[PDB]
Number of protein chains: 4
Amino acid sequence: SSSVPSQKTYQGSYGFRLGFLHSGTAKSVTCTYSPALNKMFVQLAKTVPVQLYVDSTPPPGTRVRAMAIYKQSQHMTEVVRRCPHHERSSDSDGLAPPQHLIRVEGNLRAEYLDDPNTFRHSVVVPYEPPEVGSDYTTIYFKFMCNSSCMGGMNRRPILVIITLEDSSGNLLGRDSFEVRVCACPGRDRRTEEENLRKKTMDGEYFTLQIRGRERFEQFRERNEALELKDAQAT
Amino acid sequence: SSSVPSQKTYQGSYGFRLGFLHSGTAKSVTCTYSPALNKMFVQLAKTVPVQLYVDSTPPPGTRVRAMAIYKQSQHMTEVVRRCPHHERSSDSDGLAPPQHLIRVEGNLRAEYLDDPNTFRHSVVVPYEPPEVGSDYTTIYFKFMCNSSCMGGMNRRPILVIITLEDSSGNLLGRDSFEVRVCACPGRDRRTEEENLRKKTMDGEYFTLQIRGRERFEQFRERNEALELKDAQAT
Amino acid sequence: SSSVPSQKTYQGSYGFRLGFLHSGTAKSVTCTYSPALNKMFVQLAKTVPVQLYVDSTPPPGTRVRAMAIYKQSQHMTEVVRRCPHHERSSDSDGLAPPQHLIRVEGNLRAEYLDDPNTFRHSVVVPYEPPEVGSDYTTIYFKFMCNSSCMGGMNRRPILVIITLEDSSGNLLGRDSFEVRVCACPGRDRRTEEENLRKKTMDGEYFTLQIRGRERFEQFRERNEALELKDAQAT
Amino acid sequence: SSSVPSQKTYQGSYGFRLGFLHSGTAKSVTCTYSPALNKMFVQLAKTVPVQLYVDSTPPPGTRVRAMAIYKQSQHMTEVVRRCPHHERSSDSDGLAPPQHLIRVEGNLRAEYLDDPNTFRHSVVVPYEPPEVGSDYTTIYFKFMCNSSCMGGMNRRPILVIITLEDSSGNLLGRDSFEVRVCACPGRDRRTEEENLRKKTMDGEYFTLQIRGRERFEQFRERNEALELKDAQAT
DNA sequence: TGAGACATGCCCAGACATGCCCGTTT
DNA sequence: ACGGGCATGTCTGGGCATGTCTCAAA
Ligand SMILES: [Zn+2]
Ligand SMILES: [Zn+2]
Ligand SMILES: [Zn+2]
Ligand SMILES: [Zn+2]
């Protein structure tokens with residue numbers, strides 16, 4: 001009964017931004033990101049890899065926090081949590097509170113929090129600089145409830161806020177992305193990307209023919225990306 | 001679940017990288033390598049020769065370590081081990097623990113590790129310079145479970161990470177290859193290479209809507225470039 | 001798992017059997033019965049009237065009990081209950097425990113049981129003779145979960161067992177009907193009845209080899225008899 | 001590996017024998033009995049209902065024991081048990097030892113035994129007379145390994161022996177059925193019934209034509225049952 | 001000795017299933 | 001109070017996956 005956490009995309013001072021691995025679309029992928037909608041479509045309880053990129057490595061003692069909130073204005077004040085059924089569904093990982101939606105894996109330094117005032121749920125981990133001969137970091141998340149579970153998110157879309165903060169809890173950078181947990185991310189991704197391209201499709205669009213869906217896949221990606229760089233100028 | 005070791009290729013100061021033989025003489029039925037897929041196909045517990053290349057002789061006490069990790073994101077955090085059935089088998093050489101999938105053959109200096117923190121398994125041997133007259137060092141491996149063993153890999157593909165490290169365990173170099181342990185390497189290699197070919201020789205055409213004049217020309221010469229590379233056969 | 005109560009129809013000494021109304025006047029959208037399937041389609045928590053027929057008046061202290069069991073063999077041993085979500089709801093009348101799926105409506109004599117040994121739920125009411133001028137007694141039920149509730153019936157079909165018993169619980173009679181609790185009884189009833197029709201509107205012939213004149217005799221007759229039933233209603 | 005428990009059918013003084021439910025072969029079925037083969041096809045850990053018939057009630061304290069043995073003479077002396085993988089999993093059931101293949105569902109009076117001399121496993125339950133209106137009693141079993149699990153049954157066919165015995169453990173009756181635990185009961189059942197069919201078919205046969213695939217399969221099952229009863233006369 | 005021919009657990013694109021929203025209707 | 005569209009978790013037919021058996025042949 002306090003307030004909603006900030007979601008303003010703060011690039012930061014270290015050039016903090018997130019990156020996602022490219023996936024297919026056929027019903028087989030337990031996870032697939034949409035650059036066009038900035039939406040991660042994933043299946044229930046399946047590890048989702050998320051990359052962290054930085055210009056200059058932050059100072060030791062920096063951490064990364066993850067939190068979910070309802071993307072719809074009227075529901076934004078409601079604490080996002082697991083439904084009654086899955087709340088009872090005991091998972092092997094006893095390190096993460098059974099009521100939490102977002103979990104981190106492969107990191108024993110992960111700390112799960114329940115704000116003493118806002119009652120919001122979140123998870124935190126230290127910030128590891130890229131590996132010797134690498135270029136980014138990666139944290140593996142898992143979502144323990146479907147977006148449709150009654151008594152839970154009940155068909156309401158959520159947003160995952162990833163904040164880069166220091167030992168105090170000061171803001172050093174913030175990124176975010178919408179998430180949809182569902183049984184068929186491939187199918188569901190297509191449908192939304194289509195309704196997106198079901199409007200604003202008129203004007204001066206030059207047609208181009210491509211051979212193979214694989215090649216077509218690449219060209220579409222690289223092109224829907226350039227339709228964002230220009231969109232950002234708004 | 002446990003933290004995932006990096007798999008990013010890194011040649012390092014010594015230009016470290018792997019090489020494989022072109023199996024097609026006698027023992028080319030028990031073990032075969034696919035350059036197109038960068039995947040080794042081999043039978044259970046059969047010798048697998050791997051070549052180590054290095055530009056300059058590494059420092060005294062350099063070691064070579066081999067570790068397997070699941071290739072798919074939803075399984076990356078799970079430790080790769082032998083299934084309960086083969087674990088209680090009597091194929092152990094005495095030097096290698098029964099739970100390890102990967103063994104080194106023909107080297108009594110091989111050491112086996114059960115990471116006390118990540119619980120990951122690995123085998124390590126001291127680095128040895130190439131034999132006089134050659135520019136590579138050969139290391140022989142054996143994989144103790146089929147990729148299909150239930151209770152074990154359970155049909156999940158794996159990636160083998162080979163790292164070059166100093167006497168203290170610091171990374172000097174890294175490379176990797178995919179491995180499928182099966183009863184019919186030849187047949188399975190043919191199948192997978194054919195499925196990869198079909199995905200490249202896809203004649204179905206799809207149209208793309210560009211949103212710019214010059215932007216269109218970018219994809220133009222780019223797509224025609226590819227459409228000309230396909231003339232390699234045509 | 002728990003022992004499965006019998007579901008075999010048994011009229012007993014009193015010629016006990018159930019009867020349902022032909023919904024098609026006003027409230028025929030919230031609850032409809034299919035004679036062809038012997039299945040009741042009704043909305044969550046909406047009144048379901050059932051008729052009790054008996055040839056001679058049962059003895060003093062006769063009771064009527066209702067219990068649900070899963071219809072499929074792989075689920076028969078699992079107790080039918082309300083899902084966690086609706087269980088914590090505030091729809092309880094005070095008389096019925098929150099975990100019971102089946103409630104009796106309009107009768108403060110209704111009693112609710114949680115079998116201490118089989119853990120099965122059931123509701124019981126005293127037997128009451130038909131109203132003057134009628135030959136049946138009406139009992140009203142309400143089903144507190146959709147057949148689709150996860151954590152509960154989870155899309156598994158159920159069978160409702162109605163038993164007539166003496167003051168001590170001995171079986172005097174038994175009958176039953178299938179129940180699907182859904183949001184659209186009409187639509188779902190149409191769908192299922194159509195799917196049943198197609199399974200009979202199948203005119204594919206097959207030939208059977210029978211050994212022995214008397215056996216052929218038996219089969220021929222059993223077959224020519226089923227033919228009548230087929231053209232019996234066109 | 002010494003002796004072998006008898007598998008000879010014996011109705012005894014109470015006319016003891018087994019009955020089974022009638023099922024189709026669609027992919028939807030998790031359990032299906034074949035009369036022509038007297039073989040039960042069921043999926044891993046799924047409920048298998050077995051009916052028990054008797055001509056006259058047995059004495060007080062009578063029990064029913066189930067035990068599995070390998071059908072092929074060259075494996076009969078080997079005890080049937082769970083493979084290393086499934087054994088290594090303490091299933092929710094806290095009454096049955098983890099190494100027992102056969103379990104009984106819904107019966108707290110069930111007792112599991114490890115014979116001190118033969119080392120054979122068996123599960124025993126008290127004989128319960130049918131309820132009023134019923135002609136049989138049913139017991140619900142669960143088989144905890146696939147017939148193909150390596151390290152266990154390893155593709156070897158097994159037979160289940162059901163014996164009726166008095167409070168002192170003396171043989172009152174015996175019957176049996178072959179069991180195949182697999183991922184696709186319907187498919188495998190169809191396959192084996194087809195192999196039997198295209199074999200013993202020869203001689204004088206009357207022809208009957210039937211309309212409808214299901215009616216035909218029902219008639220064919222009835223006819224195959226009678227034909228099995230023929231080959232068991234001489 | 002190796003390539004068909006089985007044997008047998010799993011996968012998946014395309015329905016099907018099923019609670020809700022919504023504007024028209026008795 | 002009713003069909004028609006959506007929204008979405010689940011099902012399945014045909015095929016794929018994959019260890020094992022086999023018989024004729026370098
Ligand atoms: Zn949930
Ligand atoms: Zn194995
Ligand atoms: Zn419910
Ligand atoms: Zn097993």
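These values consider heavy atoms only, across backbone and side chains, with no hydrogens, waters or symmetry-generated copies. Throughout, a chain's letter reflects where its sequence line sits, starting with A, and its residues are numbered from 1.
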Problem set entry | Euclidean distance, atom NE2 of residue C:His75 to atom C1' of F:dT10 [Å, nearest integer] | 13 Å

For this session: Answer yes or no: is there an ion pair linking D:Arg213 with C:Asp202, defined by an N-O contact shorter than 4.0 Å?
Result: no

Problem set entry | Salt-bridge criterion met for A:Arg82 and A:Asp91 (N-O under 4.0 Å) | yes

Exercise. Do the charged groups of D:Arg215 and C:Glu204 touch, with an N to O distance under 4.0 Å?
Worked result: no

Exercise. Got a salt bridge between D:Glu78 and D:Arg156, using NZ or NE/NH1/NH2 to carboxylate O under 4.0 Å?
Worked result: yes

Problem set entry | SB check C:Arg189 C:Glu193 (cutoff 4.0 Å) | yes

Exercise. First contact, last contact: which nucleotides of DNA chain E are these for chain B, 5' to 3', heavy-atom distance under 4.0 Å?
Worked result: E:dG2 to E:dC10

Seminar exercise, completed: Letter by letter from the 5' end, nucleotides 11-26 of chain F scores (B base, S sugar-phosphate only, - none; protein heavy atoms under 4.0 Å) -SS-B--BBB------

For this session: Kindly indicate whether E:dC21 forms a Watson-Crick or G-U wobble pair with F:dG4, where both distances must fall under 3.5 Å.
Result: yes

Exercise. Nearest 0.5 Å, what's the SG-CZ distance between D:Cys31 and D:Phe41?
Worked result: 10.5 Å

Problem set entry | NZ/NE/NH1/NH2 to OD/OE distance under 4.0 Å, A:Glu214 and A:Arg220 | no

For this session: Please determine if C:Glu178 and C:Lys39 form a salt bridge, counting it only when a charged side-chain N lies under 4.0 Å from a carboxylate O.
Result: yes

